[PDB]
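Undergrad: Submitted below is the structure of interest, expressed as structure tokens.
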Amino acid sequence: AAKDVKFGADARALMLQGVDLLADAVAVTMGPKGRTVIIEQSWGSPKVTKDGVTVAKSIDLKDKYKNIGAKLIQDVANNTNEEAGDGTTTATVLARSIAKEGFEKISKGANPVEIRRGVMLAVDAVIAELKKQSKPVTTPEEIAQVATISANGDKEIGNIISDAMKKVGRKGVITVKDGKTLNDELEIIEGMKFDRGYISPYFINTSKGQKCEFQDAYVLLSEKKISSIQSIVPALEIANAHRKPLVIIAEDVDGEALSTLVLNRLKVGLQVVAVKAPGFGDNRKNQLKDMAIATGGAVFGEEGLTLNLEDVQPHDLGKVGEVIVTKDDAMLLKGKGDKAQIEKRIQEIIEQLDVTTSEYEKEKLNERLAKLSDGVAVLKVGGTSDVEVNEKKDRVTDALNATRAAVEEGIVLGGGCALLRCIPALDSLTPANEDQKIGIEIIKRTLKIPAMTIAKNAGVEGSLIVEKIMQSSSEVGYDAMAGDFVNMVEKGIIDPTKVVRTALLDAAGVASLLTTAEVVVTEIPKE
Amino acid sequence: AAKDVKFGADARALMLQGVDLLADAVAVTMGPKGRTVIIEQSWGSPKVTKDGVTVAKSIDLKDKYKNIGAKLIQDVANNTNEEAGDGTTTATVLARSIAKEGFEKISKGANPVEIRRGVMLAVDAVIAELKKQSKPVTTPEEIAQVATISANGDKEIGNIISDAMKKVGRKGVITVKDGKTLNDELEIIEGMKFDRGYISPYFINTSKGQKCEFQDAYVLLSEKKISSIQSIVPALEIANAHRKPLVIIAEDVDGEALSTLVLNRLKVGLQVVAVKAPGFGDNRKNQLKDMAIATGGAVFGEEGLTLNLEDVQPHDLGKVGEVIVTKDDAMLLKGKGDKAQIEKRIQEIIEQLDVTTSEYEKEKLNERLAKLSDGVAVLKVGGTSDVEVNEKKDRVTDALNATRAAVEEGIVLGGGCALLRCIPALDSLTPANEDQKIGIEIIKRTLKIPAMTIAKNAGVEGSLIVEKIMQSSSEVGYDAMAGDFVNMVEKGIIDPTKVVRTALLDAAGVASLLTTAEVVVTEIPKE
Amino acid sequence: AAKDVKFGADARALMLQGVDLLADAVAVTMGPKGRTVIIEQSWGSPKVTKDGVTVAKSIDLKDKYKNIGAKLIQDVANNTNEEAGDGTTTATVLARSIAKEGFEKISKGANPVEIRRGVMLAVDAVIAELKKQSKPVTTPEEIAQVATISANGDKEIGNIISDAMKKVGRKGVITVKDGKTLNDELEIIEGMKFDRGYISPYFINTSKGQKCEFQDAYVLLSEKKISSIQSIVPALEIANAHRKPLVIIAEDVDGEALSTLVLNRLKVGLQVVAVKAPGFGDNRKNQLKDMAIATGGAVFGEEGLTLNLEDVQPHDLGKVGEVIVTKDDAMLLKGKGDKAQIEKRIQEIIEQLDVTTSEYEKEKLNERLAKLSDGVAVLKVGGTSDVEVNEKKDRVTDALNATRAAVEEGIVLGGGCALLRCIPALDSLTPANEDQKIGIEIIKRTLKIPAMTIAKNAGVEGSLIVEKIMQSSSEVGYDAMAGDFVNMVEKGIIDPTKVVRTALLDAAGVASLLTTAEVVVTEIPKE
Ligand SMILES: Nc1ncnc2c1ncn2[C@@H]1O[C@H](COP(=O)(O)OP(=O)(O)OP(=O)(O)O)[C@@H](O)[C@H]1O
Ligand SMILES: Nc1ncnc2c1ncn2[C@@H]1O[C@H](COP(=O)(O)OP(=O)(O)OP(=O)(O)O)[C@@H](O)[C@H]1O
Ligand SMILES: Nc1ncnc2c1ncn2[C@@H]1O[C@H](COP(=O)(O)OP(=O)(O)OP(=O)(O)O)[C@@H](O)[C@H]1O
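Those protein sequence lines, which keep their order, are chains D, C and E. Following the entry's author numbering, the numbering of the first sequence begins with 0 at its first residue and continues without gaps. Following the entry's author numbering, the numbering of the second sequence begins with 0 at its first residue and continues without gaps. Following the entry's author numbering, the numbering of the third sequence begins with 0 at its first residue and continues without gaps.
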């Protein structure tokens, strides 16, 4: 596969052209006054999006050289998204500025490696300054303000997010789902729910809603399948002797056992129900064990210390205040397990969370903890059409990620003033040689880009706005939407520290490396 | 794959061109004086259709940028069709008008998102006004008028639909089927007809029509296959002892039992007949249960509380006044069950219908309810060729959907006056800022489009007609077909509220979102 | 396939063009002030590499004739990289210089073969001079200096490598792996770790970290799978009688023995744990023998002297001070085996090393030796993105290779002065005839190329710098990074002798042979 090689300024110019194209495409979506971007899909309706990463990841150029810069900027945006979940457009603009300055400052005697060293030094100093400047979050109003700002200045989403986290705690489980109505909703699921329905409709006893209901019902857990008639008779004997319903959670119920259950329920009125055990693999056993602790019962069929169903006892069956089972989902509301073991199980789960880190394992552990502790909340966003629902879901997810980040770390002035306030810190550095001085100057000049872009999107001269902000007091910033200088903290225009620092770090790291190239090798295009 | 990017005015112009082409193609079929569109088909005779959604879906543009607008308008039309079943052309024209007005107002200082918010606020106010203006449907005359207007001014369609809904109630089951004669027909099916034929022709006892006819006949319902000769003798013995016919509905009849039945009938004249069970699986079980309840009999072979056929009893067999069985269908006319049991079964059916919604499940539950309660109505449309039959079926389906919507909610003045009468409600709004004022003005100017289009299709000046309508009383409108101003309600020109509000909402929602684009990303055409 | 033939100066010019292109692409990355080269990747992000062999291996030219020279230079670079691991760019530049000089001197009467003979003679003399000038490496500071120089002036890598070699000896096992933090980290592994996890979670006894810890635990080693319950019980009585925990390392634990162990641990609290054996095939058996020797136990199931598990003895069980086992890895820290046998094992392994040499076999034997003697060290390189991590990892690997080469042999002045100091040796040769004199002259003039290139990359006249170096004292060269003449050894600018001599030998060997061509036969391009 023959290859083409270009030397010197030509390759840099072409790469800069590609970077500028992608950055210009992504920059028009920045600020409260930004505008959306339409992407043409290959199978159906186009996407109308306002996310920087989504726009960046859907641009590939014909020329083989510009595509290199496009790919590098895509990597910057994707890394920022993966690390923080927000602040991708800021990363893109910062990377573009750094790349432009680096390409402009090269000369015959310059040493790009030392320039990169100086850039990294300046970035480290700026990040330290940001960490000094931060402040924690304590009030729900701050949470609501962060959520509102991250969601394109929409107040309803912020209020919904604040209510959700208030109800299920700040570090709970929250998810976004497609709605079917015009207006969004918040639904909170409490107790134990595992999305399974009764096997046979004959167990229905409450027609309204086609649901089966009990009160103070014995709970039976069986890890393995229930096949032999001899393996159930003691349980029904106990339930009928103590005049209490019985809910049978087992891997499955065989034809003979199911026939016995249904016939007894029909002809004697004995209150009994059966549901499939939830989860697959080790998750099934884990959930069964957790239910056993929650309801104070015992599980049958464990490989270790196996217990036989033929010798069930009244103390082995857990007690639950309420049980609801329908076509699709089942709910155990009020367990009766002892508190100490519940707390110990919670402690073990949280300890396990820190042991092994994988998205699936971590998510499963968090879901189990939420089920066993406080519950989960579901956000359903509505709209007139699918395009609207998707576009709103993007913003809602951005708001959730930003709010979580603001819970983890403090908050700083929004609107790009957080970076502008760090310029003074760069005047205390002592560059070792000339190249590090060049790098420090590059970072100092680049720190102003975000606020300038936000002002530019509003249709006003950004440079004058920045000049005015720098000379004003410490807490004064520019409110793009209103178009006047206000007290940032009071008005609630705030941003998490994690997002800002991650964006700056990733952008600088990638762009500085890019600016040291001298030769570019590509493949000749095929016919 | 390489991709192309366009900025600002060029993308807007191309997308507007595509939208204009699609809407111009679709809008020539609006109003009573509209003309048809011929769609070329790749496997037979072309379609000659006057339906907006079909024309919208049958258009794809060679260029990529215009295709985006075409696809968005297709989404609008499809959403309106699925939600309401009518009013697709109105939605298309409203979407075009909103898109054009939004594009005409974008400038450097403009803020498209706030314009969208203002548009949504205005649309909500207008829909509230419409719901205020709505009035309920009370008499069959309004049903006939709605059906007639929905079917492009065809009185026979309205009369047929009104008669059908009178016969089978206002919420019965009505289905449209192709015809084989010049004149359309209405057929009512009462009792329980399930389209199953006698297993052996030897049971026929009436030459004319080759139909098996019985009076005051026992019915034997079996969920399991009848094969054993032992299991079938007792029922025949009871029937012979009581000297009454007997119809067997079962999963299937085996060689031995079938041979016994046929030979007994032939050599002794015993009155018997057997048919397959209708439906499959759980549906079959439910159908058998419903017949058992209706006929006052008992079902054998049920998995829960199973009853075996060897111990059949006289009180376990239902009685039906009349039984008709032929090669294609079998009908049970007059059941002999308990009225309270029937009422409870209907209550359960409707309650289940109120639990979970799916087209298949809802359709099946409705079919069972109609069979057990009032029956169904079948409409057969006539024509000289398939093209005419399809073109008329389109209108008949539109009429059914419009009449159903009119039954569900109120009715408002037709001919576009319903929207024209809502303009004053927008004059009571107070925009928060300039952008919301621009959006409100956009909707205020858009609300006149339907009347203007209807007038234009008639060959007169739309603006003059709209102006004259606006200065008249609150009850006067324009009769497009006749060509004079009349009392809209008195002449019977009315439309459902649901159609109007759905069209307005969908069109505004999609168009306003479309009008906030700044960039378009599309794939370069391949080779 | 049709082929094309070229004669004389045409072919030489074409091949020289190809060689010049490749060498120009590769030489811009030489010295402390070099610049990086970007390679376009077919499936993802491009590489940003400052590695000579990587650049050379990724250039192919459309023209058939140039590809010959490109391929020959690729061969030079690959051979140098394989033999030494460093000094690829020096080899490439030397090869270009030799090829150009040889091509320049071919005439009607010249004899290329004799020129090659003279070139080889001069190269041998220069290599002898280098070996005479070398000195051994003694202090850790020299190791740090060599690592820093080879790592492109990065002191952190040098310090890390020096510390690692101090900890795990100067001939231990060091591996480079991708990290997950901003800063590179050094992790040292001691004892014996084979990355195997506990068979069943029930064995966990330390809640924090979900680990299993024992002190002074009996060790049972079984080459073959332990399945029959009778084959594991006697060890259990032994352990429960001596009141010590037992660790069962075997090929696998079947459901029977596994059930016995887990049940006893759960119900009686007996301290036991089991793990799979490491590695496959003969490696597994060798590892088991090594553990047996270290712990002082005996391996069960050996093909020779097959010792059945039914007769375990208190003295046949290994003893280990500490045991840690978790979901992924297990560790035995302080074995109680006899020292003398440990030595005999070590001498046996090292004796086996020298007999057979295959990369897999050498790696495995070295791993076993390190595990049994001193342990291993892991170098984790940090970074913000994949490109940065790869770029740093290249330099780290080059530093490791250079440090190993400098430990194996001596060190010589860096910056190209080592070769410059060897020119006087060539003045003592007496060419047999004219052609050998021409070859000696070619090598004499070529020896200056590395220093000239390094000076050129810094942005100064290379000729003046090399001339001033040659006329100065022996211990004075040019410091490119600072830009002044200094004492090379004192400043710590040194290189290994192996790298220099290998690069010179390979470059001369290939270029001299290339410079004796007269006809080039190439395949005609296809369609
Ligand atoms: N009303 C406002 N006035 C001033 N600055 C604002 C205002 N609202 C948001 N900002 C600032 O603008 C930026 C928010 O824009 P945006 O959400 O597009 O940025 P991003 O996080 O980089 O990208 P995205 O969220 O699309 O991935 C943040 O700097 C936020 O501080
Ligand atoms: N004789 C009439 N005079 C005035 N307006 C009329 C008359 N007949 C129908 N209309 C109005 O014209 C529209 C009916 O046309 P049409 O059926 O093409 O529109 P649509 O409901 O948007 O689409 P579709 O063809 O799918 O039903 C409705 O607004 C109806 O109120
Ligand atoms: N500060 C310095 N001043 C002078 N010479 C230096 C300095 N640092 C390194 N050198 C010399 O420059 C050369 C380093 O270049 P480099 O490591 O790129 O060459 P290479 O070993 O041929 O290639 P590579 O390591 O990429 O495979 C070596 O000769 C080293 O001795």
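A virtual CB, placed ideally from N, CA and C, is assigned to each residue, including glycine.
1) With the cut-off set at 7 Å, would you say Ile468(E) and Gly413(E) are in Cβ contact?
2) Report back the beta-carbon spacing between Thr501(D) and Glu82(D) to the nearest angstrom; my notes put them in contact at under 8 Å.
3) Nearest by alpha-carbon distance to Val145(E): which of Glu433(E), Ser427(E) and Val395(E) is it?
4) My guess is that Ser133(E) and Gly409(E) are in contact by the Cβ rule of under 8 Å, so how many angstroms apart are they, rounded?
5) Cβ-heavy atom distance between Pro111(D) and ligand 3 below 6 Å?
6) Does the CB of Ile58(E) have a neighbour CB from chain D at under 7 Å?
7) Check the C-beta distance from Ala293(C) over to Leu371(C) and give it rounded, since I have them as a contact under 8 Å.
8) Go ahead and label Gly30(E) buried or exposed: buried means 16 or more other beta carbons lie within 10 angstroms of its beta carbon, across all protein chains shown.
9) List, in order along the chain, the chain E residues whose C-beta lies closer than 8 Å to that of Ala127(D)?
10) Along chain D, which residues have their Cβ under 9 Å away from the Cβ of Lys61(E)?
11) Of all Cβ atoms in chain D, is any one closer than 7 Å to the Cβ of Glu407(C)?
12) Of all the CB atoms in chain D, is at least one closer than 7 Å to the CB of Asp74(C)?
13) Could you check whether the stretch 416-430 of chain C touches the stretch 205-221 of chain C, counting it as contact only if at least three pairs of C-beta atoms, one from each stretch, sit closer than 8 Å?
14) Find the residues of chain E that neighbour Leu120(D), judging by a C-beta separation of less than 8 Å, and give them in chain order.
15) Mind the definition here: the stretch 376-389 of chain E touches the stretch 59-70 of chain E only if three or more C-beta pairs lie below 8 Å; say whether that holds.
16) Residues in the stretch 33-52 of chain E with C-beta within 7 Å of chain D's C-beta atoms, listed in sequence order?
17) For the beta strand (DSSP E) that contains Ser221(C), what are its first and last residues?
18) Using CA atoms only, rank isn't needed, just tell me which of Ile38(C), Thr174(C) and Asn66(C) is closest to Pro524(C).
19) 7 Å is my cut-off, CB to CB: does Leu265(E) come that close to chain D?
20) Is the distance from the Cβ of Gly295(D) to the Cβ of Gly317(D) below 7 Å?
21) Taking 7 Å as the cut-off, decide whether the C-beta atoms of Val75(E) and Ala506(E) are in contact.
22) Tell me which residues of the stretch 204-224 of chain D have at least one Cβ-Cβ distance to chain C shorter than 8 Å, keeping chain order.
23) Of all the options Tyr64(E), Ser57(E), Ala98(E) and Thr88(E), which has the alpha carbon lying nearest to the alpha carbon of residue 587(E)?
24) May I have the straight-line CA-CA distance separating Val122(C) from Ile442(C), to the nearest angstrom?
25) Going by beta-carbon coordinates alone, are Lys49(E) and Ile38(E) separated by less than 7 Å?
26) Within the 7 Å Cβ cut-off, does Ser230(E) reach chain D?
27) Helix, strand or coil for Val311(D), going by three-state DSSP, please let me know.
28) Give me, in chain order, the residues of the same chain whose beta-carbon lies closer than 6 Å to that of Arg34(E); leave out the 5 immediate sequence neighbours on both sides.
29) For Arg403(C), does the count of other Cβ atoms within 10 angstroms reach 16, so buried, or fall short, so exposed?
30) Does DSSP put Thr48(C) in a helix, in a strand, or in coil?
31) Going by DSSP, what residue range makes up the alpha helix (DSSP H) through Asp74(C)?
32) With a threshold of 6 Å, establish whether the CB of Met451(D) neighbours any heavy atom of ligand 3.
33) Ignore the nearest five residues each way along the sequence and tell me which others in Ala90(C)'s own chain have a CB closer than 7 Å to its CB.
34) Could you name each continuous alpha helix (DSSP H) segment of 4 residues or more that falls completely within the stretch 250-317 of chain E, going from the start of the chain to the end?
35) Between the stretch 309-334 of chain E and chain D, which residues of the former have a C-beta closer than 7 Å to a C-beta of the latter?
36) Considering just the uninterrupted stretch of the beta strand (DSSP E) at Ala516(C), what are its terminal residues?
TA: Working from what's here:
1) no
2) 5 Å
3) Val395(E)
4) 3 Å
5) no
6) yes
7) 6 Å
8) buried
9) Result: empty, since nearest Cβ-Cβ is about 13 Å, beyond 8 Å.
10) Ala1, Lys2, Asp3 and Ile523
11) no
12) yes
13) no
14) Correct list: empty, because the minimum Cβ distance to chain E is about 14 Å.
15) no
16) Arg34, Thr35, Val36, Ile37, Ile38, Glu39, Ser44, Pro45 and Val47
17) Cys211 to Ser221
18) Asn66(C)
19) yes
20) yes
21) yes
22) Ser206, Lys207, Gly208 and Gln209
23) Because chain E spans 0 through 526 in this model, residue 587(E) falls outside it and cannot be assessed.
24) 7 Å
25) no
26) no
27) coil
28) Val27
29) buried
30) strand
31) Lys63 to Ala83
32) no
33) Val75, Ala76, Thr79, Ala502, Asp505 and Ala506
34) 254-267 and 281-294
35) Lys326
36) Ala516 to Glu522
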